[PDB]
Structure formats: structure tokens, C-alpha cells
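Working notes, beginning with the structure itself.
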Amino acid sequence: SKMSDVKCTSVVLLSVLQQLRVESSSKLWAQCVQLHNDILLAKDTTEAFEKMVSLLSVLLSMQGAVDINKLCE
Amino acid sequence: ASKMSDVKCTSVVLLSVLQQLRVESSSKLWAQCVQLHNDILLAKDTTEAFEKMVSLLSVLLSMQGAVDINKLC
Amino acid sequence: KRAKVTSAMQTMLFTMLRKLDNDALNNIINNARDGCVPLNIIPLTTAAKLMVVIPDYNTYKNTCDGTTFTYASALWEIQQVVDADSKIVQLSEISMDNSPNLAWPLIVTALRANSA
Amino acid sequence: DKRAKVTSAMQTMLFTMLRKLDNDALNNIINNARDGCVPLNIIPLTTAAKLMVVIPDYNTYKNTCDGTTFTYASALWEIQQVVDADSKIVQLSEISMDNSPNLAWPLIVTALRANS
């Protein structure tokens, strides 16, 4: 179902951000962790997807770190 | 193909579950878990990915009292 | 090996995102593929600003209408537009006639119109 | 606390994903573990590699052991030794339906992976 897939994806997303050297002491990392936690605790998909939008936007805002077109190939 | 993404997503979750269970403090055991996680992510086909997942999941299954299996199932 | 693992994990991530097929995720992903990327974390409360790069007029007319900016399946009220030379652009200037005279890309600063 | 709630959600999702994968080898070791038949070390993948497994009861024994062959994780293993809860050697002829109540369960089987 979508519910388990979204939560699985959010763990992958936080791991991807971790490998991109988002400093663990930074405000941004605490925000990412909190979003990850909220997604895992979410009870409906609407809440989970809204939080995933915020969490994924962290990755999309890192310029030069990832090329989205090549990853979507 | 679609099952390749799912099994690779699951292996990231499995490593994260082991990390939260503090397996990372065991230097050699954690090193084996990371290598198995890396082998799944780089797996050419599903057969190899699931074989490595057997080894990686057995780490969690061998931790007595760490998790309640029948409750999580 | 570390670079290959990172590439594999990132590629699987967007494969998983594609299979989720959520409208809001697809919007920010497809916008990012066109160079329309956020500059900060997308907020869910109106008490935080959003900044997005708008690479060209084609993107602008597909996401902006007057003072309203449509992005991530939500409405945002525009507070500022700056051009590539970091000069303020009036919303009246961003028309079909004056667009060739603007310095693209533009950066839009907006406040969320409604809660998520 | 909050950490425990997050942990519970992650572990629940993990086994939901594993169940969705529906792989024969994974299902086998998961179904064994929920019955108390768990490995004592990482399951190896190479020929003649060592493995120890707890066997909780005679029903699990019959479903997994046939002569000197142990079936587990979609593989065949060559049983080397079986010891009871007091670390005393148990001969295979003792592990019968009529005699099993006399044994000190659970048993621990040591085995070596076979080929193919």
C-alpha cells in the first residue's frame, strides 16, 4: 500500500540527506529528523505526503549536490 | 524491476532499524551490516539482493529480546 | 564504492517517489527537473517564507497569476521578485511583452496562503 | 517516550515491507523466528559455512530436520551436532515423537551450508 511505501521512502530520504553531509548539529538536520519522525508516526497519507513535501524540498534545495534529471533517468 | 526498488528501500530501513538498536556500537558487526546493505544497493538482480537480505535480516532475528517478532508481524 | 552506493540509493529514492504518484511530490520534482527549485525548506505554516527560483517566463506563466504563486499543491502570496542581477522586479513588469527585458532566472519570495 | 514510538513505527513498517516482498527465503526465516526458531549468528551464503540455530520444539524439528540435513533460509545445511538446553549432546535417534518430552528443549543445531 501507499502508507508503508511512503514511510519506507522517508527513511531512504533521510539517509540520502545524511550522506550529503547535512551537519547533524545544524537547524536543518533537526528539521529533517522531525519531519522523518512525523512521517513515520503519521496515521493517514495526507499528513505523510505534506511532510514528505517539506522533507524532499531539503534535497531539491541543495544545488550541485544532486542532478535530479539523471536520478529520474 | 519494481521489486528491485522495494527490496533496496527495505534494506535501508533494515539498516536504520539496526542502527536504532545500537548495533553501530559493535564495530565489526556493524561493518558487516553496512557491507551487506551496500551489496543490496549494488545488486544486479533480485536473486542476489534477497540472498544478501537473508544475511542482513538474520542480524535482527538473532538479537534476543531486542524486538517482539510476533507483535511486529 | 562509496560513490556507487550513493548513486544507487539516490536513484532508488526517486524510483520510489515516482511509484508513490502523489500530486504534490510530482509537482516539486517535475518543477525541479525544469530548474524551478526551492531555496529553503517548504513550510507548512504561514509563519515562514518560501523562496523559489523561476528559470524562465514559460515556468512563470505556468505557476504565477497576479500576486498568487501555485507550487507544491498550495497557494502562496508573492512578497518579492528579484532578477538575476538581484534587482527588484515589479509584478507589472513580468508580462508577455516586457519578459525579454528581464534578467532571468527570477527568485520569488512568498508566504503560504493557507495551512496544509 | 517519543523515540520508542518512532522505533515501533519503523519496525512495524519494516515487516510490512518484508511481507510485501514475499520472498521464499525471507518468509522462511521470518516464520521460523516467530515460532522461536532463530539463528545464533549471521546466516552465511558460502559452501561449508557455519550456522547455529535454536530449535524450540519437536514440531519445528520435524519441519526442518530430515536425517542429517537441515532445511532453512531456502538452503540445505549439513547437521554437525545437536545439543540440549544443558549443553549436552543429543543423538539424532533420541529426537522422536515418543521420546521428545524427555529432552531438554530447546535444542541448538550446528550445521554447515551445502552446495547448489
Side-chain angles (χ1 to χ4, degrees), chain B residues 7 11 14-15 18 23 26-40 43-66 69, chain D residues 18 21 23-97 99-100 102-115:
Chain B
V7 67
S11 75
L14 176 49
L15 190 67
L18 294 170
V23 178
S26 187
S27 252
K28 287 114 206 168
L29 179 58
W30 180 251
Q32 302 181 65
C33 297
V34 171
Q35 183 58 227
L36 291 168
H37 159 282
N38 290 4
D39 293 336
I40 295 155
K44 44 193 273 111
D45 46 59
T46 47
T47 301
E48 169 152 300
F50 283 120
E51 286 178 353
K52 302 288 186 169
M53 192 73 106
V54 166
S55 298
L56 187 57
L57 182 58
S58 76
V59 173
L60 176 58
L61 302 185
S62 66
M63 296 172 63
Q64 297 181 6
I69 312 170
Chain D
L18 291 166
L21 294 174
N23 172 264
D24 281 335
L26 295 180
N27 283 7
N28 175 268
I29 63 172
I30 291 168
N31 288 340
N32 269 311
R34 69 140 58 84
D35 299 5
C37 174
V38 293
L40 293 178
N41 59 288
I42 304 178
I43 295 171
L45 303 176
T46 52
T47 64
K50 303 200 285 189
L51 174 69
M52 290 172 58
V53 177
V54 181
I55 306 297
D57 48 58
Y58 175 72
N59 297 130
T60 300
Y61 190 82
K62 274 288 294 185
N63 297 344
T64 65
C65 293
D66 184 12
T68 61
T69 67
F70 175 55
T71 301
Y72 181 72
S74 294
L76 297 188
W77 310 77
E78 300 164 325
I79 297 179
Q80 303 300 294
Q81 292 189 348
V82 179
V83 302
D84 60 11
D86 210 340
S87 313
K88 282 134 153 55
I89 276 289
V90 179
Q91 306 293 345
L92 300 186
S93 64
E94 307 175 47
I95 316 175
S96 62
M97 175 82 270
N99 191 64
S100 287
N102 300 316
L103 303 176
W105 297 91
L107 308 179
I108 290 184
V109 52
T110 304
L112 305 177
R113 189 191 262 262
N115 24 248

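Atoms considered below: every heavy atom in the structure, side chains included; atoms not considered: hydrogens, waters and symmetry mates. The chains referred to below are lettered A, B, ... by the order of the sequence lines, with proteins before strands, and numbering in each begins at 1.
- By the 4.5 Å heavy-atom criterion applied to side chains, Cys33(B) and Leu56(B) are counted as neighbours.
- Listed for the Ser55(B) side chain is a donor-acceptor partner under 3.5 Å among the backbone atoms of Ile43(D).
- Rounding to the nearest 0.5 Å gives a distance of 10.5 Å between NE2 of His37(B) and CG of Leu18(B).
- Residues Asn28(D) and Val54(B) have side chains not in contact (no heavy-atom distance under 4.5 Å, counting atoms from C-beta outward).
- How far CG of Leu21(D) is from OG1 of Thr46(B): 10.5 Å, rounded to the nearest 0.5 Å.
- Looking at heavy atoms from C-beta onward, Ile89(D) lies out of side-chain contact with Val82(D) at the 4.5 angstrom threshold.
- Listed for the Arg113(D) side chain is no donor-acceptor partner under 3.5 Å among the backbone atoms of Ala75(D).
- Closest of all the heavy-atom pairs between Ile40(B) and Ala49(B) is CG1-O, 3.7 Å.
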Self-check item: Evaluation steps, side-chain contact (heavy atoms from CB on, under 4.5 Å), between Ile79(D) and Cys65(D)
Solution: CA-CA 9 Å; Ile79(D) 297 179; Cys65(D) 293; 3.9 Å; yes

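- We find the CE-CD1 distance between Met52(D) and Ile108(D) to be 5.0 Å, quoted to the nearest 0.5 Å.
- Proximity of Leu14(B) to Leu60(B): side-chain heavy atoms (C-beta onward) are separated by under 4.5 Å at one or more points.
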Quiz item: Going through the distances and angles, do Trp30(B) and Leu15(B) end up as a side-chain contact (heavy atoms from CB on, under 4.5 Å)?
Solution: CA-CA 9 Å; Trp30(B) 180 251; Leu15(B) 190 67; 3.6 Å; yes

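- Within a 6.0 Å sphere centred on CD of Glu94(D), other residues, nucleotides and ligands contribute more than 12 heavy atoms.
- Here the side chain of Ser96(D) pairs a donor or acceptor atom with the backbone of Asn99(D) at under 3.5 angstrom.
- Partners of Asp86(D) under the side chain to side chain contact (heavy atoms under 4.5 Å, CB included) rule, at least two apart in sequence or in another chain, are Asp84(D), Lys88(D).
- When every heavy atom of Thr47(D) is checked against every heavy atom of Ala114(D), the shortest pair comes out as CG2-O, 3.9 Å.
- In this structure the side chain of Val90(D) never reaches within 4.5 angstrom of the side chain of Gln81(D), judged on heavy atoms.
- Judged as a side-chain hydrogen bond (donor to acceptor under 3.5 Å, both in side chains), the pairs with a partner in residues 56-68 of chain D (not counting sequence neighbours) are, in order, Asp57(D)-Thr60(D).
- Of the possible polar contacts, none joining the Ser26(B) side chain to the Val23(B) backbone as a donor-acceptor pair under 3.5 Å is found.
- When side chains are defined from C-beta on, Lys52(B) counts as touching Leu45(D), because their heavy atoms get closer than 4.5 Å.
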Quiz item: Which is it for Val7(B) and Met53(B) under the side-chain contact (heavy atoms from CB on, under 4.5 Å) test, yes or no, and what are the steps along the way?
Solution: CA-CA 8 Å; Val7(B) 67; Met53(B) 192 73 106; 3.7 Å; yes

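- Contact between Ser58(B) and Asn41(D) at its shortest, heavy atoms only, is OG-O, 4.2 Å.
- Looking only at atom types and distance, the side chain of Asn27(D) has no donor-acceptor partner in the side chain of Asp24(D) under 3.5 Å away.
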Exercise. Just do the side-chain contact (heavy atoms from CB on, under 4.5 Å) check on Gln80(D) and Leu112(D) with the steps written out, would you?
Key: CA-CA 7 Å; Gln80(D) 303 300 294; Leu112(D) 305 177; 3.8 Å; yes

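- Residues satisfying the side chain to side chain donor-acceptor pair (under 3.5 Å) criterion with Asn23(D), sequence neighbours excluded, are absent altogether.
- Considering only heavy atoms from C-beta on, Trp77(D) comes within 4.5 Å of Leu51(D) through its side chain.
- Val38(D) is not listed as a side-chain neighbour of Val53(D), based on a closest heavy-atom distance of 4.5 Å or more.
- How far CG of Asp35(D) is from CD1 of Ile30(D): 12.0 Å, rounded to the nearest 0.5 Å.
- One distance of note links CG of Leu107(D) with CD1 of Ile95(D); it measures 5.5 Å at 0.5 Å rounding.
- Considering all non-hydrogen atoms of both residues, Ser100(D) and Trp105(D) come closest at O-NE1, 2.8 Å.
- Separating the CG atom in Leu61(B) from the CZ atom in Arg34(D) is a distance of 11.5 Å, to the nearest 0.5 Å.
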